[PDB]
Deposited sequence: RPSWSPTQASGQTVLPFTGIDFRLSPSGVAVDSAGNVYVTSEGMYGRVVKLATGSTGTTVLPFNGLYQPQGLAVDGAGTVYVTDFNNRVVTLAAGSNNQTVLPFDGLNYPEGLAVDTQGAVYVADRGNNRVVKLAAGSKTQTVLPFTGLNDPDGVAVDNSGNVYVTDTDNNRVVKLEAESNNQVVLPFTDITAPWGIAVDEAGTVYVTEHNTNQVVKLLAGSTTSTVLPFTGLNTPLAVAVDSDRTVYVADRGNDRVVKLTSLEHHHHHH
């Protein structure tokens, strides 16, 4: 049932490390590589970020601002239709991977080299380190509408939720999760994760005790995942230089 998104007119291998989807259903991908790019499928274009070096993760907020991590160890943002990027004041990032943006503009980064997740509130000049414990190469972060934060503890083969109320770390009941990397949370609290070296994508329903394997086929190193308002799931299928899409919408009287 999946489809491959038709990125056309492109002079470089797509190398998709990250994937985000805005309200209009524009799809954005970080194209890894020495000369990093963010590519936007509507036709296809390239956003005027300058000097991206191996960009690893992206997110798009409700205003259409695109936020990107890269291996210059920073987060760059581009406001919709701007051609002037700004570098957010994160400190000490070491191989930032996935990032997330919550409804108040706060930016969260899986800081893989420091085995932590860092937070920067909107307009603040200093970051916070979130109270996770025992992380080993976190690659992916997601934040729900309830301020719960979710991380892929990659080398621990687990996903941890820092609950907004208790500030407790819960190892979410994924079933046999391996080397989880990409993650997203949809508006129903459902958590999607890529198991990146085992080439599956799994989901966990909010408040549920176990998980399921989404019916993707032919994945090769899925490193990110997004989900739109139709609860369509998009995957950065990194080894295949493509993004694949899987719709969840029900079929009338079938």
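Provide the list of deposited-sequence positions lacking C-alpha coordinates, grouped into contiguous ranges.
Coordinates drop out over 1-10, 53-56, 269-270.
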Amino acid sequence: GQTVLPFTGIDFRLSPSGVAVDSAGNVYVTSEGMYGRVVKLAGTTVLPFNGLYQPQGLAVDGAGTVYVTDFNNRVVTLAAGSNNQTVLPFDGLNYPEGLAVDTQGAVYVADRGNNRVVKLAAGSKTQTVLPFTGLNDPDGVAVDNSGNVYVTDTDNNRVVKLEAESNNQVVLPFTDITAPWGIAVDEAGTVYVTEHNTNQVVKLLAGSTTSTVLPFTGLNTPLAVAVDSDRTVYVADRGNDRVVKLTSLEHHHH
From here on, numbers count along this sequence of modelled residues.
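Which is higher in the entry, the mean Cα B factor of 32-40 or that of 211-219?
Looking at the record's C-alpha B-factors, the answer is 211-219.
State which stretch shows the higher mean Cα B factor in the entry: 146-154 or 162-170.
Of 162-170 and 146-154, the stretch with the higher C-alpha B-factor average is 162-170.
When the modelled residues of the chain are sorted by Cα temperature factor, does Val46 land in the lowest, middle or highest third?
Middle third, going by the recorded CA B-factors of the chain.
Among all modelled residues of this chain, ranked by Cα B factor, put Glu195 in the bottom, middle or top third, i.e. lowest, middle or highest.
According to the entry, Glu195 has a C-alpha B-factor in the chain's middle third.
Lowest, middle or highest third: where is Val244 by C-alpha B factor in its chain?
Tercile = middle for this residue's CA B-factor.
What third of its chain's C-alpha B-factors does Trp181 belong to: lowest, middle or highest?
CA B-factor rank for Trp181: lowest third.
Ordered by C-alpha B-factor within the chain, which third holds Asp237? Give me lowest, middle or highest, please.
Bottom third by C-alpha B-factor.
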